Amino acid sequence: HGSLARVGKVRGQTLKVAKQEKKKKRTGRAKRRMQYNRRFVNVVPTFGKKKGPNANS
Amino acid sequence: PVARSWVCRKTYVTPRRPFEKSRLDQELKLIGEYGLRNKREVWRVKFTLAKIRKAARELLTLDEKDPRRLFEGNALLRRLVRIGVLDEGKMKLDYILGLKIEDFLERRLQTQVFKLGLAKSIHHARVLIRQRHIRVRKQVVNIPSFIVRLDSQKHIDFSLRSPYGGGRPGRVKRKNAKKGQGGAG
Amino acid sequence: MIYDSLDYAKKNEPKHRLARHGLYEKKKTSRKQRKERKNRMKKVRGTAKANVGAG
Amino acid sequence: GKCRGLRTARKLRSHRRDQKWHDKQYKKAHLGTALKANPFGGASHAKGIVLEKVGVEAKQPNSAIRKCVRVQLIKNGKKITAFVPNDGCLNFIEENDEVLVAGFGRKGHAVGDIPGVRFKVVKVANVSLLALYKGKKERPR
RNA sequence: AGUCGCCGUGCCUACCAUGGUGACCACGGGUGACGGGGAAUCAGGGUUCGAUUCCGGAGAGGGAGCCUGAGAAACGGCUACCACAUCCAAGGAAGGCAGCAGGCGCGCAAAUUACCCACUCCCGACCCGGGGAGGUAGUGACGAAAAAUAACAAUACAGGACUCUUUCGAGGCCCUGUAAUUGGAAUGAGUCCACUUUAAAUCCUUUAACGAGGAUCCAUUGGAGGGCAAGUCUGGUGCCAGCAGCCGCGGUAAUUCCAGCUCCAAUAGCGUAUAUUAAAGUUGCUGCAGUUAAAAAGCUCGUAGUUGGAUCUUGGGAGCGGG
Ligand SMILES: [Mg+2]
Ligand SMILES: [Mg+2]
Ligand SMILES: [Mg+2]
Ligand SMILES: [Mg+2]
Ligand SMILES: [Mg+2]
Ligand SMILES: [Mg+2]
Ligand SMILES: [Mg+2]
Ligand SMILES: [Mg+2]
Ligand SMILES: [Mg+2]
Ligand SMILES: [Mg+2]
Ligand SMILES: [Mg+2]
Ligand SMILES: [Mg+2]
Ligand SMILES: [Mg+2]
Ligand SMILES: [Mg+2]
Ligand SMILES: [Mg+2]
Ligand SMILES: [Mg+2]
Ligand SMILES: [Mg+2]
Ligand SMILES: [Mg+2]
Ligand SMILES: [Mg+2]
Ligand SMILES: [Mg+2]
C-alpha cells in the first residue's frame with residue numbers, strides 16, 4: 001500500500017554535526033546549593049519583568 | 001518455612017500535585033538553609049510529624065478522664081521534651097498541634113555541630129561527620145541525620161583518633177613532612 | 001567458660017572448639033561419598049566380609 | 001423516592017445489584033465477552049510473526065502514511081496490525097522477524113489519527129528497537 | 001422390627017403412611033472459586049485481592065480395590081484396566097520429581113546436579129547413629145532502611161546589606177560566581193598484610209604498607225505551545241518525513257519535526273504497557289437524578305413485602321455536696 005520508498009528521508013537528509021565538551025557539572029548535594037544561592041539570593045535585581053531563567057533576547 | 005522477618009515499611013510519601021510553584025520554593029529553601037541533598041529527606045520529617053499530629057488529634061477526640069489518654073498522652077509529651085523540641089513549662093497536648101518542620105531539622109546533628117562552632121560553613125560539617133572525625137560521649141558517628149537528645153548535647157567533640165582532635169596527621173601531611181625530612185629534603 | 005579439669009572438658013564440650021586447640025581430631029568423607037555408599041550395601045544381602053568390603 | 005426503612009436491606013442490596021450492570025466498565029470487565037474476544041489473553045505484551053508491511057492512511061485534517069505491519073501471533077494464531085514509532089525505523093525490519101508488541105495507552109480504544117490501530121511494536125529480534133535507534137546497539141546479523 | 005457399624009442415625013433390608021423444599025429466591029447453571037487470620041487503597045462510610053512461610057481441608061498420571069498396623073483406602077506399600085514409557089538374547093522383567101538441584105516443552109513472564117548436621121527440632125533398642133526437614137554460601141535494580149560523587153583560604157569585582165560618599169569610590173562586618181587548581185589540607189572507593197567471625201570458609205566491623213588534581217576515580221532517565229515547572233535562539237525539511245495520552249503542530253520565515261547551545265523536574269534511579277484503588281456526590285446507606293437536557297408504567301384493583309394515630313406513675317419529698 002502507498003509509497004514506502006521515502007522512509008527515513010529527513011533523518012538521513014540532515015547533515016552530521018558533532019558535539020562539544022564544556023565540563024562535568026557538580027552532582028548530588030552541591031548542585032542544590034548552586035540553585036539556592038543562584039535563585040533566592042545571588043545578586044537580586046529588584047525588577048525582573050517576570051523574566052525567565054532561559055529567556056534569550 | 002524459614003526463620004526470617006519480612007517486616008518493612010516506608011518512611012516517606014509523595015505529594016499529589018507535582019508542579020505547583022509554591023512549595024518548590026519552600027522545599028528548596030529548606031535545603032539550602034539546613035544543608036541537605038534531596039527533597040526526600042524533607043518528606044520524611046513531614047511523615048513523622050503527621051503521625052504525631054495524627055495520634056494527638058485522636059486523643060483530643062477521646063473524652064477526658066480516660067486511662068488510655070492519661071497513659072499515652074503523658075508519654076508522648078515526655079519524648080518530645082526528652083528530644084528537646086517541646087519545652088517544659090507547657091505540657092498540655094494541644095501545643096503539639098502548633099509544631100513545624102524546622103524544629104526537627106534544627107535538632108539534627110549537622111546543625112548542632114555548626115551552631116556549636118566547630119564546623120565553619122555547614123557543608124563542611126557534613127563532610128566532617130562522614131569523614132569520621134566526631135564522637136558522642138564515647139563513640140564515633142558516621143551519620144548526619146542522628147537526632148540529638150537534650151541529655152547528650154554537652155559531650156560532643158572530635159574523635160580522638162583524628163588529625164584534628166589529638167592524633168596522627170593524614171595521608172598528605174605525612175608525605176610533606178617526609179619531604180621536609182627525607183624527600184625534598 | 002573455664003573448666004576444672006582437662007578430662008571434664010571432653011566429657012562436656014563441643015568438638016569443634018576442642019579441635020581449635022590441637023586436642024581433638026575429626027574424620028572427613030564429604031557426606032556425599034558416604035551416603036552414596038550407604039545406598040549401596042543394600043543390593044547385596046547379608047554376606048559379612050562382602051558388606052565389610054563394601055563392593 | 002427512596003425506600004428508607006429499618007428492615008429494607010434485601011431490597012436495596014438487590015436493587016444496586018441488577019442496576020449496576022448498566023455501567024459500561026463493570027459490565028465489560030465482569031463479562032467474558034470482551035475478554036475472550038481480546039487478542040491478548042488478559043495480558044500486556046505478546047510475541048508474534050511478521051507477514052506483511054503496509055501503510056495506513058490518516059484522518060481528514062492531517063495527511064500522511066503511518067507505516068504499519070500485519071502480524072500473526074504464536075499462541076492464539078490471530079492476526080493484527082501494529083505501528084512502528086520513530087523516524088526511519090521501518091527499514092530496521094526484515095520479513096519473519098519475531099517481534100514483541102504492546103498496547104498504545106487507551107485500553108482497547110484507537111488513538112489519534114490512525115484508523116484502527118491499537119498496538120505498537122517494541123522489540124525486534126530481542127534488541128530493543130529504541131536503543132537501536134539511538135545507536136547504543138545494532139541488530140544480530 | 002432387625003442386619004452391618006468403634007458408637008447414634010434410611011447408612012442398609014422387609015412391612016406400613018404420603019409426605020419434604022419454594023418468590024425470606026429452592027432447583028439448575030457459571031466461577032480467572034480451596035477457606036480463614038489477613039494485604040493494598042482509605043476524611044467518615046466503603047471498593048478490590050488473598051496459590052503464597054500460621055491453622056484446617058484435599059491429592060500424589062486418570063479411575064477402583066486391599067495387606068500390615070493403635071492409627072492408612074498409604075502411594076519414596078501392593079494388585080488390576082486406561083494413557084504413556086525403559087531394558088531385552090524376543091523367552092521375560094522393571095516405572096511414577098505437584099520432595100532437593102538439573103533438563104525439555106510452554107509461554108509477556110520466574111535462581112547452583114554447591115557445603116554441613118555446628119544452630120532449631122524429630123526418630124530410634126539410644127548421653128554415642130540418620131535427617132536435600134533445616135542451616136549456610138552462590139544468581140538476584142520484585143521490593144524496603146542509611147548514605148558518596150567534593151570542602152576550604154587567599155587573587156577580581158557582576159555586584160550587592162551596612163559605616164562614609166553631592167558621584168565614583170576607602171573598612172570590609174558580610175556575602176555569591178565565573179577563570180587561574182593559585183595553594184596546600186581531609187577523606188573514603190580500590191589493591192593487599194594481620195587478627196576476629198565460621199562446623200570449616202566468605203561479608204560486616206578493627207588495623208599495618210599503598211592510593212585524587214579535577215582533559216581525570218566522568219550520574220543518568222525524561223522533557224521545554226497549553227493542561228504543567230522550563231527558549232518567540234541558530235541550521236535543515238516543505239500536508240513529505242514525523243510528533244501528539246487530549247486540544248492540536250507540518251502546505252518555504254515551524255515557540256511542537258530532524259540536530260546543536262540553553263534551561264526545567266526526580267536522582268542511583270527514570271521512563272513504557274496492562275490490571276486494581278482515590279479523584280467518582282459519574283452506582284450515591286452516609287449522599288445523585290427523573291416538566292423541557294437520558295428518564296413517571298394509559299388508568300384502576302390486588303397477594304407476599306415494607307410502613308402504621310392518641311392513650312395506662314407524674315410530680316411533692318428525702319439522707320445529702322457545691323454558687
Ligand atoms: Mg516454596
Ligand atoms: Mg481452581
Ligand atoms: Mg489462601
Ligand atoms: Mg491421602
Ligand atoms: Mg505429572
Ligand atoms: Mg492411593
Ligand atoms: Mg507420602
Ligand atoms: Mg516420589
Ligand atoms: Mg525439582
Ligand atoms: Mg522477573
Ligand atoms: Mg529503596
Ligand atoms: Mg527541541
Ligand atoms: Mg507538556
Ligand atoms: Mg475505581
Ligand atoms: Mg469521596
Ligand atoms: Mg449522573
Ligand atoms: Mg465511566
Ligand atoms: Mg455530605
Ligand atoms: Mg426527553
Ligand atoms: Mg404509636
Specify which of the listed residues (A:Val41, A:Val17, A:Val10) is hydrophobic (A, V, I, L, M, F, W, C), within 14 Å of chain D (Cβ to nearest Cβ) and at negative phi. A:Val10
Contact list, first residue from region D:21-36 and within 14 Å of another protein chain (Cβ to nearest Cβ) and closer than 17 Å to D:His109 by Cα, second anywhere and among the polar types (S, T, N, Q) and more than 8 Å from RNA strand E (Cβ to nearest atom), beta-carbon distance below 9 Å, six or more apart or interchain, is none
Of the conditions (1) surrounded by 11 or more Cβ atoms within 10 Å (Cβ to Cβ); (2) under 30 Å from B:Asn38 (Cα atoms), B:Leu62 clears all except one; give me its number. (2)
Please give the number of the condition D:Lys107 fails out of (1) more than 30 Å from A:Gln13 (Cα to Cα); (2) outside any strand (DSSP E or B); (3) away from ligand 17 (no atom under 16 Å from the Cβ). (3)
Whether any residue in region B:91-108 is more than 22 Å from A:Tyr36 (Cα to Cα) and in a helix (DSSP H, G or I) is what I want to check. no
With the condition kept exactly as written, say whether any residue in region B:140-151 is loosely packed, with under 15 Cβ neighbours inside 10 Å and not in a loop (DSSP other than H, G, I, E, B). no
Given the criteria surrounded by 13 or more Cβ atoms within 10 Å (Cβ to Cβ), of a type in the set (A, V, I, L, M, F, W, C), under 29 Å from B:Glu72 (Cβ atoms) and touching a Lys or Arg at 6+ places or on another chain (Cβ under 9 Å), does B:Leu99 qualify? yes
From the list A:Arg11, A:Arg6, pick out the single residue that is exposed (fewer than 10 other Cβ atoms within 10 Å of the Cβ) and closer than 25 Å to D:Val69 by Cα. A:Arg6
Anything in region C:11-55 that is under 14 Å from the mean Cα position of the chain (by Cα), assigned to a loop (DSSP other than H, G, I, E, B) and over 30 Å from C:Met1 (Cβ atoms)? List them, or say none. C:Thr29, C:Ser30
Can you give me the ranges of the helices (runs of 4 or more DSSP H) entirely in region D:1-73 with at least 3 residues that are away from ligand 17 (no atom under 16 Å from the Cβ)? D:9-20, D:33-36
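Cβ: placed from backbone, ideal geometry, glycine included. Neighbour counts: every protein chain shown. Values in this text are rule-based calculations from the coordinates and carry no lab data.
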